[PDB]
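Starting off, we have a lone chain in the form solved without the ligand, written out as structure tokens.
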């Protein structure tokens, strides 16, 4: 049907049909008379996978022969989502598969919906890793993603009586056709034990062994025949483990628990032993694999010329002392040479300045679990502080602030300090964030080693986040400017020539309308609720967190409700306010916010005076597959974090690419988005970072705003008095108490400006032609936010490799 989906040639379609029937019979062991849609999904998945294999084998051979510098991206999270459609897009097979399935009497879109998300991340950090893998393959880099194969990914969210309930995400129940187990490359990982000092150095002995078994998943680049690998480790007990007999076998679970479950925290550090084991497990297995590959190309001087290790936050920070351990204890390099190699190999990306998110591990945990690593960390620290002392003689307080070891009731290791000391490059993830790092939390380090500090503004892959999820928009763009923009997103600037083109204005608005109808239908089918598709779709989807200020959105929703109740017969621009996201299971306030949102919906959605002018919907189980549905349908993107708290954001970019306008603070990448589009084409409001600092100096007093803003006082009185919870009048007292007395994120301080700015949104929505023209100006300037741009900068400025757009042979 549509150009960007590729050709449906007669021979291709015939061959796909034949292989589909082959897999149904031989692989699935079904006949067509008892096959279900799930069987059909698997038959298609196996058919598409067969097209990856030849390219995968030959890509890996090519790297063996050419021996390029290899890039290892280490992350505890890879939020991959579904694989079927993405594979078809990247191999140009989508129209052919659609035609082949159609001729077999099947609807491919229905089959796509059967696939489970690979939910091996929490949100933005995990999803960034996934976009990065797609971009590294598209740019022809010899790149490997290394992580953990969690048996249970991010929990499935159910809403019961307006409250979040969690269910295990048993994503492997029906099998994963995309992975290949590689039990033959299983490696040992050591824990506990003790250090003994011989005449020939330190030896780590009496350890417990867990095996790391790798599973490989292919990562196809966009139409270049490159297929890279994501290698995820699974924990296995050795066969003599604990070897009465029956109990010993059952206790194998103790070792295998390492890879059982993803910790479900976003921007929060939970200092549990099992998490530390996960972090070491991934590092120890990965580094052995890296060294094996390097030796199969004595001379570790060339190691940083052949290897780059990128640390996705501090979660894999033990790579630094592990690399030292291997080089010093096992390869017998002198300390100084080993350190040189380590620093030149490793680079560190920071993704947050929130203090509760920074990893600070108690020394007693490391002492017990990883006694040799603790010794190495202490030695790193002493040598590092000797440099600080020579550079800043007599500055004793600087020595305390920069130490890797934090003193206190409990001594802790600051892993961020370790990463800076042991990396040749340190970057933040948007310009304002990278500046904040240099001015505040890493100021001392910046003064010592200014050359280490860089910025790499985040991005998103336009394959998944435009072509895959919004084919209608991709097509109308391609009609005007061709297909080259899909791997060169800067070409979208050519669309500025069509801002006054009546046909293009019409087509952009038509695509949005179609996406809105499709989404409104999805809601009725799967969740039995009726929404008005002519209303403005006002969307805030992201993890639930105080810093992201879902609560500020709630205050605006109640303000609109109260204004309608005050003047029921006045016209207002109709809205559907959609809020979705998961709360971490132990984060009480985040769970209370979800309950508030559903409670507001219970009042607003059933008030007959409101009608269809205002609807408040909580979108259940927000995840990558749901993002692909709701983002193309959105008119207004809510990006309303307190200035200085959202390091970048990436949902913001997804909305910009898909034809929503943004209401937001000057935070994270929002700043750069407004710069690219023009401030006149963005709905900017609220305190800047400098304003937040000024308020902190004076002291934030929320009572002042309550006393001065009658509309705000009314809302707080409604919350306190039980207007939104009649059977339990005190249900929201924790929320009220937080807002009035201990709000770290200054919700009330941005309320007035936010409401006023929302009024400007509504005014522009009344003029569809001007709304759509502003949309075009946003889509047209979204090019900078391609993860292809981001990865090219990492490649050239950190890893020392040149990207390529050249095709390998097919």
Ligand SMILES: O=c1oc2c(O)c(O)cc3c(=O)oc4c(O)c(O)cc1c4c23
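Numbering follows the first chain given and starts at 1.
Although it is not shown, the form solved in complex with the ligand is what the next lines describe.
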property	result
Partner contact for residue 607 in the bound PDB entry: the ligand, 4.5 angstroms, heavy atom	no
Proximity of residue 714 to the ligand in the bound PDB entry, heavy atoms at 4.5 Å	no
Contact test in the bound PDB entry: residue 705 vs the ligand, heavy atoms, 4.5 Å	no
The ligand contact at residue 586 in the bound PDB entry, heavy atom, 4.5 Å	yes
Answer option from 615, 545, 452, 325, heavy atom within 4.5 Å of the ligand in the bound PDB entry	545
Contact assignment for the ligand in the bound PDB entry, among 116, 490, 483, 270, heavy atom within 4.5 Å	270
Per-stretch contact check against the ligand in the bound PDB entry, the hit in 529-537, 598-606, 545-553, 158-166 (non-hydrogen atom, 4.5 angstroms)	545-553
Members of 333-357 lying within 4.5 angstroms of the ligand, judged by heavy atom, in the bound PDB entry	356
